[PDB]
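Student: In this text, residue positions in the sequence shown follow the authors' numbering: the first is 7, and each later residue adds one.
We treat Cβ as the ideally placed atom computed from N, Cα and C, and that holds for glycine.
The structure's right below; bear with me while I get my questions together.
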Amino acid sequence: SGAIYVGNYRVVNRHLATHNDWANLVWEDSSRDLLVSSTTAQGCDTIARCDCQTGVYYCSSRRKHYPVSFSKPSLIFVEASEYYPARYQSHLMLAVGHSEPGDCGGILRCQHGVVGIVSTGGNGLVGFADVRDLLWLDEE
Ligand SMILES: NC(=O)[C@H]1CCCN(C(=O)CC2CSC2)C1
Ligand SMILES: [Zn+2]
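See the structure below:
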């Protein structure tokens, strides 16, 4: 579990969104595994607006932050889950990290701010939903 709190937005994995998220919906995209809902209180996270391919992510199944190298956002095949059917998830970045279920949500960050949020993983893979192109998170 985990979310990004920027401005009056809460960014979560779409497959972990609550009823309150759906009832206060701003934007959702199943192909990216992302959902954004509105918040009453202002958040403290800042979104990175950069081209970093190195950063650090939080792994809840280890209680640890790990440094990682990650690929550029791309269309990657995601096998069948209890969450989605075989498809291609877009705007996904992969790294060698550990992951296990209970993982989605953890933040990936660089020196500029938040880059994205664990979304994929396994056999040593940990893939993350990029948010750096969502410029509207910084306003309104
Ligand atoms: N984004 C997806 O399609 C996910 C949905 C949940 C399951 N999934 C995973 O890769 C689970 C790993 C271990 S924590 C992430 C595919
Ligand atoms: Zn950066």
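1. Assess, as a yes-or-no matter, whether the stretch 112–120 is touched by the stretch 88–95 under the definition of 3 or more beta carbon pairs within less than 8 Å.
2. Distance check for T45 and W142, CA to CA, integer angstroms please.
3. Excluding five sequence neighbours on each side, which residues of the same chain lie with their C-beta closer than 6 Å to the C-beta of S77?
4. Any heavy atom of ligand 2 inside 7 Å of the beta-carbon of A54?
5. Using 10 angstroms around the beta-carbon of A54, count the other beta-carbons present and answer buried if the total reaches 16, otherwise exposed.
6. Which same chain residues, not among the five before or five after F83, have their C-beta less than 7 Å away from its C-beta?
7. In three-state DSSP terms, what is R20?
Tutor: Reading it off the structure:
1. By the C-beta criterion, the stretch 88–95 is judged not to be in contact with the stretch 112–120, since fewer than 3 inter-stretch pairs fall below 8 Å.
2. C-alpha of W142 to C-alpha of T45: approximately 15 Å in a straight line.
3. For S77, where only same-chain residues beyond five positions count, the Cβ hits under 6 Å are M99, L100.
4. For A54, the distance from the CB to the nearest heavy atom of ligand 2 is below 7 Å.
5. Counting Cβ neighbours within 10 Å, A54 comes out buried, since at least 16 surround it.
6. Once the five neighbours on either side are set aside, the close Cβ partners of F83 are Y94.
7. In the structure shown, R20 sits in a helix (DSSP, three-state: H, G or I).
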